[PDB]
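Asker: Pasting protein39.pdb below, which is PDB, C-alpha atoms.
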```pdb
ATOM      1  CA  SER R   2     -60.118 -17.147 -12.406  1.00  0.00           C
ATOM      2  CA  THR R   3     -60.889 -16.027 -16.023  1.00  0.00           C
ATOM      3  CA  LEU R   4     -57.693 -13.965 -16.411  1.00  0.00           C
ATOM      4  CA  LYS R   5     -55.573 -16.753 -14.945  1.00  0.00           C
ATOM      5  CA  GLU R   6     -57.206 -19.231 -17.366  1.00  0.00           C
ATOM      6  CA  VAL R   7     -56.265 -17.044 -20.318  1.00  0.00           C
ATOM      7  CA  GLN R   8     -52.733 -16.598 -18.981  1.00  0.00           C
ATOM      8  CA  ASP R   9     -52.270 -20.366 -18.615  1.00  0.00           C
ATOM      9  CA  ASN R  10     -53.532 -20.846 -22.133  1.00  0.00           C
ATOM     10  CA  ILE R  11     -51.048 -18.253 -23.392  1.00  0.00           C
ATOM     11  CA  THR R  12     -48.300 -20.245 -21.584  1.00  0.00           C
ATOM     12  CA  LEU R  13     -49.327 -23.550 -23.110  1.00  0.00           C
ATOM     13  CA  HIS R  14     -49.405 -21.925 -26.518  1.00  0.00           C
ATOM     14  CA  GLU R  15     -46.057 -20.175 -26.044  1.00  0.00           C
ATOM     15  CA  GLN R  16     -44.515 -23.519 -25.074  1.00  0.00           C
ATOM     16  CA  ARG R  17     -46.045 -25.228 -28.112  1.00  0.00           C
ATOM     17  CA  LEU R  18     -44.755 -22.345 -30.266  1.00  0.00           C
ATOM     18  CA  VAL R  19     -41.180 -23.033 -29.088  1.00  0.00           C
ATOM     19  CA  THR R  20     -41.355 -26.750 -29.852  1.00  0.00           C
ATOM     20  CA  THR R  21     -43.150 -26.233 -33.169  1.00  0.00           C
ATOM     21  CA  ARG R  22     -40.625 -23.577 -34.167  1.00  0.00           C
ATOM     22  CA  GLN R  23     -37.796 -26.042 -33.506  1.00  0.00           C
ATOM     23  CA  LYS R  24     -39.516 -28.515 -35.814  1.00  0.00           C
ATOM     24  CA  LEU R  25     -39.777 -25.716 -38.373  1.00  0.00           C
ATOM     25  CA  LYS R  26     -36.050 -24.925 -38.079  1.00  0.00           C
ATOM     26  CA  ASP R  27     -35.276 -28.590 -38.731  1.00  0.00           C
ATOM     27  CA  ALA R  28     -37.546 -28.631 -41.798  1.00  0.00           C
ATOM     28  CA  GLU R  29     -36.087 -25.361 -43.202  1.00  0.00           C
ATOM     29  CA  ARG R  30     -32.574 -26.674 -42.974  1.00  0.00           C
ATOM     30  CA  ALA R  31     -33.531 -29.883 -44.785  1.00  0.00           C
ATOM     31  CA  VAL R  32     -34.983 -27.858 -47.681  1.00  0.00           C
ATOM     32  CA  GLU R  33     -31.935 -25.523 -47.765  1.00  0.00           C
ATOM     33  CA  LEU R  34     -29.701 -28.508 -48.342  1.00  0.00           C
ATOM     34  CA  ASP R  35     -32.109 -30.621 -50.604  1.00  0.00           C
ATOM     35  CA  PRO R  36     -35.312 -28.903 -51.764  1.00  0.00           C
ATOM     36  CA  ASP R  37     -37.068 -32.064 -52.869  1.00  0.00           C
ATOM     37  CA  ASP R  38     -40.799 -32.383 -52.930  1.00  0.00           C
ATOM     38  CA  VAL R  39     -41.078 -34.318 -49.679  1.00  0.00           C
ATOM     39  CA  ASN R  40     -38.872 -31.844 -47.803  1.00  0.00           C
ATOM     40  CA  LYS R  41     -40.867 -28.912 -49.252  1.00  0.00           C
ATOM     41  CA  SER R  42     -44.085 -30.513 -48.097  1.00  0.00           C
ATOM     42  CA  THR R  43     -42.742 -31.067 -44.566  1.00  0.00           C
ATOM     43  CA  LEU R  44     -41.690 -27.419 -44.517  1.00  0.00           C
ATOM     44  CA  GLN R  45     -45.086 -26.196 -45.741  1.00  0.00           C
ATOM     45  CA  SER R  46     -46.763 -28.070 -42.920  1.00  0.00           C
ATOM     46  CA  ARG R  47     -44.399 -26.898 -40.178  1.00  0.00           C
ATOM     47  CA  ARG R  48     -44.781 -23.281 -41.397  1.00  0.00           C
ATOM     48  CA  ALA R  49     -48.561 -23.499 -41.148  1.00  0.00           C
ATOM     49  CA  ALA R  50     -48.380 -24.970 -37.667  1.00  0.00           C
ATOM     50  CA  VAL R  51     -46.189 -22.136 -36.413  1.00  0.00           C
ATOM     51  CA  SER R  52     -48.268 -19.445 -38.053  1.00  0.00           C
ATOM     52  CA  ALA R  53     -51.481 -20.888 -36.713  1.00  0.00           C
ATOM     53  CA  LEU R  54     -50.039 -20.811 -33.176  1.00  0.00           C
ATOM     54  CA  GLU R  55     -48.889 -17.264 -33.596  1.00  0.00           C
ATOM     55  CA  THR R  56     -52.394 -16.275 -34.743  1.00  0.00           C
ATOM     56  CA  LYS R  57     -54.013 -17.921 -31.789  1.00  0.00           C
ATOM     57  CA  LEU R  58     -51.523 -16.296 -29.420  1.00  0.00           C
ATOM     58  CA  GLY R  59     -52.214 -12.894 -30.815  1.00  0.00           C
ATOM     59  CA  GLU R  60     -55.923 -13.387 -30.186  1.00  0.00           C
ATOM     60  CA  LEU R  61     -55.344 -14.604 -26.651  1.00  0.00           C
ATOM     61  CA  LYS R  62     -52.971 -11.729 -25.852  1.00  0.00           C
ATOM     62  CA  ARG R  63     -55.318  -9.029 -27.210  1.00  0.00           C
ATOM     63  CA  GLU R  64     -58.187 -10.511 -25.183  1.00  0.00           C
ATOM     64  CA  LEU R  65     -56.109 -10.657 -21.983  1.00  0.00           C
ATOM     65  CA  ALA R  66     -55.186  -7.000 -22.498  1.00  0.00           C
ATOM     66  CA  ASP R  67     -58.898  -6.140 -22.617  1.00  0.00           C
ATOM     67  CA  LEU R  68     -59.737  -8.437 -19.651  1.00  0.00           C
ATOM     68  CA  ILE R  69     -57.109  -6.536 -17.600  1.00  0.00           C
ATOM     69  CA  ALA R  70     -58.354  -3.103 -18.732  1.00  0.00           C
ATOM     70  CA  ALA R  71     -61.911  -3.981 -17.728  1.00  0.00           C
ATOM     71  CA  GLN R  72     -60.823  -5.117 -14.249  1.00  0.00           C
TER      72      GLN R  72
END
```
Show this structure as structure tokens.
Answerer:
Amino acid sequence: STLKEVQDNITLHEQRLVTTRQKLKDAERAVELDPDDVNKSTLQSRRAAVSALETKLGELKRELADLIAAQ
């Protein structure tokens, strides 16, 4: 039930973190080789996407820890 729902959401977010981080790696490399404005903007966006996922994951994981402790 509730704990499993949170766990599945952590999985979905961990999977999205992997794919978003690959997109970030691609964007970082492009800027390393040619730091033009478009490449810097792509990088800025990919960074924010990864960081936002990591934030959400941290929230989910702290809440699951407390769900477990209460049970």
Asker: To one decimal place in Å, what is the distance between atom CA of residue R:2 and atom CA of residue R:50?
Answerer: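 Calculated distance between atom CA of residue R:2 and atom CA of residue R:50 is 28.9 Å.
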Asker: Using all atoms listed in the file, which of R:71, R:44, R:61, R:34 sits nearest residue R:6?
Answerer: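 That would be R:61, the residue with the smallest distance to residue R:6.
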Asker: Mind telling me what the PyMOL selection byres ((chain R and resi 48) around 10) catches here, as a PyMOL selection string?
Answerer: chain R and resi 21-22+24-26+28-29+42-47+49-53
Asker: Just the number, please: distance in Å from atom CA of residue R:9 to atom CA of residue R:57, one decimal.
Answerer: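 For atom CA of residue R:9 relative to atom CA of residue R:57, the distance reads 13.5 Å.
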Asker: Would you work out the distance separating atom CA of residue R:41 from atom CA of residue R:56, expressed in Å to one decimal?
Answerer: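 These two atoms are separated by 22.4 Å.
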Asker: Got a sec: who's within 12 Å of residue R:8, counting only C-alpha atoms, leaving out chain neighbours fewer than 6 positions off, as a PyMOL selection string?
Answerer: chain R and resi 2+14-15+58+61-66+68-69
